[PDB]
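Reading through the C-alpha cells given below for one structure.
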Amino acid sequence: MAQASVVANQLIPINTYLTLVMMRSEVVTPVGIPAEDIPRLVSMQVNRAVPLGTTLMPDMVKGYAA
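The structure is reproduced here in C-alpha cells:
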C-alpha cells in the first residue's frame, strides 16, 4: 500500500468549496482521490458532509473527473 489519498483534515460541511487547509495526504485503505490531485480540488464543492479523517472519494466532489 504506497499510494496516498486525500483525507479530510477537518469536518467539511455539505456544499463547502474545498480549501487547502481542509485536505491532508494519507496512505489509507480503500484508496480515494490521489493526493497528487489536491491542487485541482481547490474551489471544487463536496456534495455531502465529510467527517474529519474520511477519505475523499471521486463521487463526493462535484465536477471531479480524473
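Under the deposited numbering, the first residue of the sequence shown is numbered 0, with each subsequent residue one higher. Each residue gets a CB set at the ideal place from its N, CA and C atoms; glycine is no exception.
Can you tell me where the alpha helix (DSSP H) with residue i in it begins and where it stops?
i: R39; result: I37 to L40
Going by the CB atoms, is the gap between residue j and residue i shorter than 8 Å?
i: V20; j: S4; result: no
i: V60; j: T15; result: no
i: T18; j: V41; result: yes
Mind checking who residue i pairs with in its DSSP beta bridge?
i: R23; result: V6
i: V49; result: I11
i: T18; result: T18 is not bridged to any residue.
i: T54; result: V6
Excluding the 5 residues flanking residue i on each side, which residues of the same chain have their C-beta closer than 6 Å to its C-beta?
i: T54; result: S4, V6, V27 and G31
i: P33; result: none
Using C-beta distances below 8 Å, list every residue in its chain close to residue i, excluding the 5 sequence neighbours before and after it, in chain order.
i: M43; result: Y16, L17, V60, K61, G62 and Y63
i: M22; result: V5, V6, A7, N8, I37, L40 and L55
i: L51; result: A7, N8, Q9 and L10
Is residue i buried or exposed, if buried means 16 or more other CB atoms sit within 10 Å of its CB?
i: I11; result: buried
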